[PDB]
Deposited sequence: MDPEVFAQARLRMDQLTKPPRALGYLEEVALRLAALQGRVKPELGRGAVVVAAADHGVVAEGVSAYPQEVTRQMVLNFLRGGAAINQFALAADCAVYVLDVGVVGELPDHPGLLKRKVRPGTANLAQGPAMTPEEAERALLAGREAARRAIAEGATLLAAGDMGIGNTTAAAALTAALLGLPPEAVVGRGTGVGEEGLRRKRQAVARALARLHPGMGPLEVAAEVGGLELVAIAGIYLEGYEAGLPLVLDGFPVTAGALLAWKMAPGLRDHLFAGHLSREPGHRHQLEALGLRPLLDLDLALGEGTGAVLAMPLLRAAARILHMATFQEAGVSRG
């Protein structure tokens, strides 16, 4: 972040040809992008989304209506361009990458697939540690690797996506843990809800004060959630603007944040998911969602949908000032 650029950008903003605060929330977004890129007139282009996929042992708790096999079937769907993320990406000038860090089952070699399976799904987080600290570290590096490939190929904006049946439970556990919240706050039918909350509570019961973020993630998180933390850390270190998607993706962002506080300066909330716990995550991060379309899919869809808005926000500072355009002021 460039303090000087921000100040210069703030001055220009106050001189652009539009009434004060007429572009609402987008004005703040533009100023942040200016400081982030160190340019008074920021500019975004081709974007990229790295969808991290992995399975969860907690599916044994009956926390999902879908069979575990859906995770792998969806990854194939991604590679063939039939998922929602593929379609939104086409409409948002965003490249799509897929990362396998823990899907149950073999996947074929494919141009858009990065195969770094750490293990065939995590252990049941309700009965014990989802993974070992070493496996967590491997997932983290995998996420960083994927992100680095996206960046190397020209990504100017980076978002993360998630795919994993039952990852909302793991997301809830990681969130409740990192934000010191109760199950009921991160888990919003009746009996499935019962299983999810109890699953989260049991997982939290294994934790204790003084634990590092990655240690907590390895205990109650998911492999793709840790990989997502890696995706964001790599993007952050690259100096790129980062876009948040839904609940599971944001949980991964919270992990990255706890590992690097300054990362929050590069975060932009793409949307507000229907997932109740998403609100708490955003408030903790002090971020306002750009979109609110009652989305509840994940895959990085909400993040990708917001990219055009971020590009538009950056262009605001490209507007003419009253002096440049010869426009009279109040």
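- Sequence range 189-193 alone has no coordinates in this entry (deposited sequence, numbered from 1, C-alpha basis).
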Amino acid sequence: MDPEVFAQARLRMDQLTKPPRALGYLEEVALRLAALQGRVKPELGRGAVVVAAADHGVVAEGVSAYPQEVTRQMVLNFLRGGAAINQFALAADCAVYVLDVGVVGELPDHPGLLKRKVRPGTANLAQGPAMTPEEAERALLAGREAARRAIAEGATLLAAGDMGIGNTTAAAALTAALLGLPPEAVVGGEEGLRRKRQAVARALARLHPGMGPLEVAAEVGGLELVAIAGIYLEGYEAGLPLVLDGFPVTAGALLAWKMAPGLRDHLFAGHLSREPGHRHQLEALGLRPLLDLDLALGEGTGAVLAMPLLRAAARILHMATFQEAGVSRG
From here on, numbers count along this sequence of modelled residues.
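- Averaged over Cα atoms, the B-factor as recorded in the entry is higher for 60-68 than for the other of 36-44 and 60-68.
- Mean C-alpha B-factor is higher over 210-218 than over the other stretch, the pair under comparison being 81-89 and 210-218.
- When the C-alpha B-factors of 160, 223, 113, 74 are ranked from the entry, the top spot goes to 113.
- Residue 272 sits in the middle third of its chain by CA B factor, as recorded in the PDB entry.
- Residue 300 sits in the lowest third of its chain by CA B factor, as recorded in the PDB entry.
- Among the modelled residues of its chain, residue 294 has a C-alpha B-factor that falls in the middle third according to the deposited record.
- Among the modelled residues of its chain, residue 175 has a C-alpha B-factor that falls in the middle third according to the deposited record.
- Annotation for residue 135: C-alpha temperature factor in the highest third relative to the rest of the modelled chain, per the entry.
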